[PDB]
Each structure stands twice: as structure tokens, then as C-alpha cells.
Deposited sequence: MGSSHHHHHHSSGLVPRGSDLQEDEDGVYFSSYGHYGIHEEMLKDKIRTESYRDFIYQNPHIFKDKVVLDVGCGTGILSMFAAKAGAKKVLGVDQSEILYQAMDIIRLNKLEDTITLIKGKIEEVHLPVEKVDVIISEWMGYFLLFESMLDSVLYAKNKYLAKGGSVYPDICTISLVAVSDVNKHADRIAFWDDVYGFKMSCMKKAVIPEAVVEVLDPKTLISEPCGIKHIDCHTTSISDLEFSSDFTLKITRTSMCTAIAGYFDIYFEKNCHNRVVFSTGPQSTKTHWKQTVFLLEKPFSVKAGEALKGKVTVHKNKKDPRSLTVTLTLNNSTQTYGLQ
């Protein structure tokens, strides 16, 4: 309902220019097509789709931001092409049987935390025509090892001496909370490992709960204090100009930053070591169970 969410998303240039570049550089995907923008917000993606030659764009949003979108569409003289519908995409009546293309920015922290993927897959199954397309079409989640004894002390050991008083019992409440924040790439001590690969054409809501063994190729002898998670978004199907962006620490900052799982017990690793563990994501809000160096912890965000 709040303009603040839409301001931060629109001011993320990696995000918004990626969608803009996909749409403007692949207009053959949109030309004379019926396009559904799931959770359209201000209507920015509906308007990209219209300028790329869409026959009809249906922007749907459940929130009061749609009333801003109605006015914005009119200011840009696209009400001829873009029809806006207020309500849950699961609930509303659409004035078409079927759509050629679905577009959405559905992605949460660590891809899946408080994500809309559920609503997009509903829209796909209800409304996507035989041989239609969904964008972005491919997503991955990666983990990477971190060494940052200073940031670990600042969040954990901090509680041992607070202006002369012991507050040690507070550490049990901090460890299980994933942190969202921009990591210094200098603190990465492994190659990343892919733990999940989603093609939005072939996935179901049940595929989004997963387990993966992983191996982190250690590149620096150090104390491992944390595992960081991020995701890569690809526009591929039928593209003459493929688009990708990363939310990883070695790439430009996005409003997603990185998701960080602090280790209760940091442990030493050696350059050339293959660090083996297991990660499981449950949908329930989202939880991440991490097994590493013969201990297991469950995190939430």
C-alpha cells in the first residue's frame, strides 16, 4: 500500500534497467502479444511492455498503489493499451481467457523469503496460453563462505560485556536470525556453490521447498564465521539479447543485498579445502536449515 516499497524498487537500477533492457531489446517477445503484469505496482513494467508493442497489457495489484498506477498510465497516454485491475491475481476476473506473456518482479530476500512466486505460478497455471512465456524465466540461489571475525564479534561476543554487565544469554536469540546486508567482497573465502535452479516454465509451488548438498571450494586459509546466500535472475527464452543480474557480493549492490547466516562456532578452513554441508529450505515464514562442520542450525529472516 506504501510508496516507500515502490521508491526503493524503482531506484534499484540493477533491477529496473534489467527489466527495461530485457523488454526494449527483445520487442519481438511483446509485439501484438497479450501481457499480464502480476503485482504491477506503479505500472512501470506494464508501460515498458506497451512501448515494446503489446496488443493488451493487464496490470493486476491487490494494494492501493493501483490507484496511483491508474493515474500514471493516463499521464503517459497508455490507457488505450494497459487495463488495470484491483485485487489478488488469485481472485480477480480478467477480461481475457488466456495471456501470451507473464511478467513479474516476485523475488524476496534469498529469492524465496516473502516472495510472490506462489501468485505468479497460480497466474501461469490459470491464464498462460499453450506455448506462452513467463519472465524472468530462470533463477538460481548460491552460497559462499565468509570470514569476518570483527562483524561476528560486533553481533555475538558484544553481548558478553554491555557497559560492564554480562548479557551472554542474548546470543541464543541472535544466532537464529538471518541478517540482510551488503558484504565486503574482501571477506569472501570460497567460490560460490549453486544450491537451487528454478525454470518458472517447469516448477510447481512444491519444488520451492528443497534440500541440497553443497561443496564450497575454500580460496583463503581463515576462520569461517558465516555463510552468505544470494540469487541470479536470467531472461533467456526466445531472447536475441539475454539479460542477467546477480545479487551476489562481487556484483553491484541491489535492494536485496545478501542474506547472512552467522555460525554459532566459527571454525578454521584451509585454502584448497572442499567444505561440504547441507542446506534445506522449508516454506511453513521461510526457514533455512544449515549443516556444516558437524553442527546444524535453523535460521529465519
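For this chain, which runs of the deposited sequence have no C-alpha coordinates, given in order from the N-terminus?
Missing CA coords at 1-33, 318-322, 340.
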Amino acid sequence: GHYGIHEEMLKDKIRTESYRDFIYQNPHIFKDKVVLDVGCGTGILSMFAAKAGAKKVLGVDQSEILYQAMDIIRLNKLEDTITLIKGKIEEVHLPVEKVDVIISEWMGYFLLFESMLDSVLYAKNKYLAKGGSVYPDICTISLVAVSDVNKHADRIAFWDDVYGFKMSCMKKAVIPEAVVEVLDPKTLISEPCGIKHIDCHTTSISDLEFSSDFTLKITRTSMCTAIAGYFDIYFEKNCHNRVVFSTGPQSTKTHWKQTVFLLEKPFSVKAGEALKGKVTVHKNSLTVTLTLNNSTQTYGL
From here on, numbers count along this sequence of modelled residues.
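Here, rigid core means the biggest group of C-alpha atoms that superpose within 1.5 Å across both forms.
After a rigid core fit, does 218-226 or 113-121 show more C-alpha displacement in 6 other deposited structures of this protein?
Of 218-226 and 113-121, the stretch deviating more in 6 other deposited structures of this protein is 113-121.
Hey, which bit's got the bigger mean C-alpha B factor in the entry, 86-94 or 100-108?
Of 100-108 and 86-94, the stretch with the higher C-alpha B-factor average is 86-94.
For the higher mean C-alpha B factor in the entry, choose 64-72 or 234-242.
In the deposited entry, the stretch with the higher C-alpha B-factor mean is 64-72.
Between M116, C139, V146, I195, which one tops the list for Cα B-factor in this entry?
Of the options given, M116 has the highest CA B-factor in the PDB entry.
For the C-alpha B-factor as written in the entry, point me to the maximum among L216, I205, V180, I227.
Most elevated C-alpha B-factor of the set, per the entry: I205.
What third of the chain does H282 rank in for C-alpha temperature factor, lowest, middle or highest?
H282: CA B-factor falls in the middle third of its chain.
Can you tell me which third, lowest, middle or highest, the CA B-factor of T298 falls into for its chain?
Its C-alpha B-factor, which the entry lists for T298, ranks in the lowest third among residues of this chain.
What third of its chain, lowest, middle or highest, does the C-alpha temperature factor of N150 fall into?
As the PDB entry reports it, the C-alpha B-factor of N150 lands in the highest third of its chain.
Based on the deposited C-alpha B factors for this chain, I'd like to know if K253 is in the lowest, middle or highest third.
Its C-alpha B-factor belongs to the middle third of this chain's values.
Comparing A49 with the other modelled residues of its chain, is its CA B-factor in the lowest, middle or highest third?
It falls in the bottom third of the chain.
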